[PDB]
Every structure is written in C-alpha cells, then in structure tokens.
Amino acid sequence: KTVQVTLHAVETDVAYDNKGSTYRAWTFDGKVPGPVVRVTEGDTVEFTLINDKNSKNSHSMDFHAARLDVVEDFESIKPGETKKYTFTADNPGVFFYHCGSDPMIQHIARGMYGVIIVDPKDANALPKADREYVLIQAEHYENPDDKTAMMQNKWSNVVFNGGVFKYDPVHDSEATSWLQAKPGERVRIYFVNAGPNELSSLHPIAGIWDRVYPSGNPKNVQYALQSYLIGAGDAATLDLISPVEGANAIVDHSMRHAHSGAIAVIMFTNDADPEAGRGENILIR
C-alpha cells in the first residue's frame, strides 16, 4: 500500500528525567523520541517534512529504511520550508530515522531521532509477539549548544526514550512508567541505538534474549543470546520470554551507561494491562 507520513521539525522544551528537568530539544513533532512510523515491507512511503516557522535551524530527514540520494532527498530545509520525498520500504525489520542536518552529532543529541518499523510482508516470518515495545538509546548532553563536549563524548547520561531511568521505578522512585507482560508471552523489543557516539551491550537482567534479529531481518536470526551489541546508528529486534512472574531489567551492560540512566524494568505479572505493549502503546511516553 501507499502511506502518507508527515512530520514537523519542532524546537521546544522537553523533560529528560523523572524530576521534571527540561532542556531545549530539537524534535520531530515536539516529542523525544519522534513518533513511531510503522509500514509493511514493500509499502510506498510518501514522506513530508515541515520545518516549523519558529525553528532557528535548518532540519532534514534520514530514514535508514530508505534507499535514496543523500544529496537531494536528505537535504536540509530552512525554518518555514516543506520537503517531500517518496521511498519504498524494500527490507523488513527495524530502522533508525533521524535528522541529517549540520552537524548531525548535535541534531541527534538534541532529540531528532525515532524508529521506523517495517513489518515483514510474510506475516509468518517472525514468531508471533504478544507484546511489542520500542526502546531507543541515546546520550544526553548537559548543554545542547556545546558541540565540543559532544565531539569529546562528554555525555551526562545514557538514556532510553529520552529519559534518565524513565522505566526504572526500582532505581528511581519518581519513575512512573515500565514495561509489562505476562509469564510465557513473547515480548518483542524494537531497539535502536541513536548514539550519537556510544555503543550498547544490551542484556535482560534475570533473562536471556530468546532470539535476536540484526536490523530486524528474519534471515539474520540468532538464538539464546545473553547480550547483543548495537553500535551507534544501528537497530535490532530482540525477543524476551519470562517463565516466571517478577521482573527483568533491560540494561546497557557497559555499566557506566547503565548507572547513568540506561535501565528499563519489565514486570511480568498474570494481571498485566491488556493495552500495554499493544496498539499505540508500544513506545511508552
């Protein structure tokens, strides 16, 4: 099918921790991460980027799901301008999207990133998931204007979905969100490492990845992995099943990353919310 996707480049204050601290983010649609885009393998995507008139900077859009021309298609547009391009989603899986404007390190760091999920045309290529969650890792830099700190890799926190310990009520009692499932359910994690700089060594504490798919592609399946390396600008699909009620903690096992905010709790309970990890709830905001 043909789908229309329109996003705004929006520069606005957003919260990055559980105590309400904010920073001047650069975003798609006013939130970090950007909106989940979801299509089927083979779909035509008619994409529109609107750079809001009140932006102070030029912005662009790079989809890792797209095969295009970097110079024309991923070009920067000024505040008040609108850009269109069309691409087919040729390969199934999970893909990073982000602003490609100058300097990319900063546009990514300030929050212009998201995921596009490309469902396999063959609905039987992946085992059926009972829950789906998006987790996007990024570094948070204390001063969004300081490009030198970014070049020097001097981050303040490493986070999932834009918030320090957003999903960790164990380590931060002010956290108000977490992942849910029932024991025995297949939980599918769509993971993107936005960077801009760091790698992630992703591990479910007290669990194991039942299966891992590099770039989300069924052909690349790996089994029973305790951990999986996701480089900067890479993405993978990782399945998790708990045999028991309780919790696992999804961590970036480079411990200084984990301690700085990269931990997400999943609670396994028999009375898990039927809406959790389904529908429009896959990226928990």
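Note that residue numbering follows the sequence shown and begins at 1.
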Open item on the list: So, looking at the entry's B-factor column for Cα atoms, which has the higher mean, 86-94 or 147-155?
Closed with: 147-155
- [ ] Could you settle it for me: does 38-46 or 58-66 have the higher average Cα B factor in the PDB entry?
- [x] 38-46
Open item on the list: Using only the C-alpha B-factors in the record, can you name which of 189, 164, 71, 205 has the highest?
Closed with: 71
Task: Position of residue 179 among the chain's modelled residues by C-alpha B-factor, lowest, middle or highest third - done: middle
Task: Assigned third (lowest, middle, highest) for the C-alpha B factor of residue 239 - done: lowest
- [ ] Sort the modelled residues of this chain by their C-alpha B factor and say whether residue 262 lands in the lowest, middle or highest third.
- [x] lowest
Open item on the list: Please say which third, lowest, middle or highest, residue 252 falls into when its CA temperature factor is compared across its chain.
Closed with: lowest
TODO: Would you mind ranking residue 127 by its C-alpha B-factor against the rest of the chain and naming the third, lowest, middle or highest?
DONE: highest
